[PDB]
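Enquirer: Can you read through this structure? Questions will come right after.
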Amino acid sequence: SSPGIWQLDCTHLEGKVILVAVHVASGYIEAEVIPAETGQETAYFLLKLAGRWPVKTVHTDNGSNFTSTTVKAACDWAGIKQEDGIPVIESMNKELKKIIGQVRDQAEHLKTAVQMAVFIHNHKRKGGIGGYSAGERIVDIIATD
Amino acid sequence: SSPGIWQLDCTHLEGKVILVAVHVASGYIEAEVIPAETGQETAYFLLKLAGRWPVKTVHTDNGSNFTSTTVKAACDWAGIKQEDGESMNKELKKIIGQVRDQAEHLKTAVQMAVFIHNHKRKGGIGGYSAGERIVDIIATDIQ
Ligand SMILES: Cn1ncc(CO)c1-c1ccccc1
């Protein structure tokens, strides 16, 4: 689908909250542990995302952190179309948790283990030895020239 | 320069620390406000960077934050070569001033500045933004 389309969700592990943005066309992920699923935390994560990739549209789970006017304000500022409650990706949250289990014993804190897992996911060749990683795919899809 | 070379810098503002990474060939920036310039905050910044972009080499200032065993452990794990030997960085500070009033806290103004820097077209019609350049450089290098 469009190069500018992201899906945002949340997943919970060890009592902490991980916000995950998936670039729908490529399966590339961005993720971070945050203190809680608040408006101010969600808006900050989105503003960081939109400053790093060209984000036109976000699909959300319509959680209350999304309905907040702080999130709406960020999205307006960044020119992002927020599509709440609009639905390979339900087992993205599952995929990321698995990878986190494989590195968890190399890091003292969960937040570091999440970043390791993001690194592994985005570098992973899919479709066997002849294939491409989510990382290669997102840049091929969004490059304008 | 090569597609995998970054330069990393700290800058100090309104009483806080900003870590700034410039992708040298594109001028694209990543930045984060951190409470203090520690070896743990550095390593965490570097790992987030390397899971996002193909980081092969980072050029840094001499600081002990870049020297610490945790940054060395992160660099070895992520495959980053470290080397301890600024026009997009004065630029970033200048943008922070121009929008500092658009926002409540520093953290937010910094990410608005990164947004504006990376999306801004340079030159006239036919030009590119830094965000366009990095993606183009790296996509070309893959093919
Ligand atoms: C209406 N709504 N609100 C939140 C969600 C979760 O995507 C949904 C939804 C669930 C399944 C299919 C379509 C929307």
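Enquirer: List the trypsin sites (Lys or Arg not before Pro) in segment A:5-84 that DSSP assigns to loop (not H, G, I, E or B) and whose Cβ has at most 16 other Cβ atoms within 10 Å. Which are they?
Expert: Numbers: sites: A:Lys16, A:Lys48, A:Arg52, A:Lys56, A:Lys72, A:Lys81; in loops: A:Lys56.
Sparse-neighbourhood loop trypsin sites (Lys or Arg not before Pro): A:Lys56.
Enquirer: Still on this structure, I have one more. Within segment B:21-55, which GluC sites (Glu not before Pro) sit in a loop by DSSP and count at most 14 neighbouring Cβ atoms inside 10 Å? Walk me through the intermediate numbers first.
Expert: On the way: sites: B:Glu30, B:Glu32, B:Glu37, B:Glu41; in loops: B:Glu37.
Passing both the DSSP loop test and the Cβ count: no residue.
Enquirer: Just how many pairs of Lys in chain A have C-alpha atoms closer than 23 Å, counting pairs that are eight or more places apart or on different chains?
Expert: Taking the Cα cut-off of 23 Å, the pair count is 23.
Enquirer: Leaving out same-chain residues fewer than 8 places away, which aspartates and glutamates sit with a Cα under 17 Å from that of B:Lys120?
Expert: Partners within reach: A:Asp145, B:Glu30, B:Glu91, B:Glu132, B:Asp136.
Enquirer: Can I get the semi-axes of chain B's equivalent ellipsoid? Compute them from the C-alpha gyration tensor as square roots of 5 times the eigenvalues, in angstrom, largest first.
Expert: Working from the Cα gyration tensor, I get semi-axes of 24, 22, 11 Å.
Enquirer: For the protein assembly as shown, what is the percent of antiparallel DSSP beta bridges, rounded to the nearest 5? Walk me through the numbers before you get to the answer.
Expert: Numbers: 32 of 45 bridges.
Taking every DSSP beta bridge with both residues in the protein assembly as shown, the antiparallel ones total about 70 percent.
Enquirer: Next up: So what's the net charge close to A:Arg125: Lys and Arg +1, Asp and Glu -1, counting the other residues with Cβ under 11 Å from its Cβ? Mind dumping the intermediate values first?
Expert: Numbers: positive: A:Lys124, A:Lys126, A:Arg137; negative: A:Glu136.
It works out to a net charge of +2.
Enquirer: Please rank A:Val58, A:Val114, B:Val24, A:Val20, fewest neighbouring Cβ atoms within 10 Å first, as an exposure proxy.
Expert: Values: A:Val58 24, A:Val114 28, B:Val24 16, A:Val20 21.
Final ranking by Cβ density, sparse to dense: B:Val24, A:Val20, A:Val58, A:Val114.
Enquirer: Same structure, new question: Dipole of the protein assembly as shown, Cα-centred, from +1 at each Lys and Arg C-beta and -1 at each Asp and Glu C-beta, to the nearest 20 debye?
Expert: Approximately 360 debye in magnitude.
Enquirer: Please list, in order along segment B:24-29, the HN-Hα scalar couplings obtained from phi with the Karplus expression 6.51 cos²θ - 1.76 cosθ + 1.60 (θ = phi - 60°), rounded to whole Hz, x for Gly and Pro.
Expert: 4, 5, 10, x, 4, 10
Enquirer: What is the set of long-range amide H partners of B:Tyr128 at a cut-off below 5 Å, with H atoms built 1.01 Å from backbone N?
Expert: B:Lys122
Enquirer: Okay, next question. Give the residue from B:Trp6, B:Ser64, A:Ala25 lying farthest towards the positive end of the charge dipole for the protein assembly as shown; charges sit on Cβ (+1 for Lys and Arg, -1 for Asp and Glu) and the dipole is referred to the Cα centre.
Expert: A:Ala25
Enquirer: By count of other Cβ within 10 Å, fewest leading, how are B:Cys75, B:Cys10 ordered?
Expert: Numbers: B:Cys75 20, B:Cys10 17.
The fewest-first ordering by Cβ neighbours comes to B:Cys10, B:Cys75.
Enquirer: Taking each residue of B:135-143 in turn, how many C-beta atoms of other protein chains fall within 10 Å of its C-beta, and what is the average?
Expert: Numbers: counts 10, 5, 2, 6, 9, 3, 1, 8, 3.
Taking all residues of B:135-143 together, the mean is 5.
Enquirer: Taking N as the number of residues in the protein assembly as shown, what is its alpha-carbon radius of gyration divided by 2.2 N^0.38 Å?
Expert: Working: Rg = 18.0 Å, N = 288, 2.2 N^0.38 = 18.9 Å.
Rounded to two decimals, the normalised Rg is 0.95.
Enquirer: Quick one: putting +1 on the C-beta of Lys and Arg, -1 on the C-beta of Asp and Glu, what dipole do you get for chain B around its Cα centre, in Debye to the nearest 20?
Expert: Values: 15 positive and 17 negative charges, 67 e Å.
So the magnitude is around 320 debye.
Neighbour counts run over all protein chains shown; Cβ positions are idealised from the backbone, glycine included. Bear in mind that the values in this text are calculations on the coordinates, not laboratory data.
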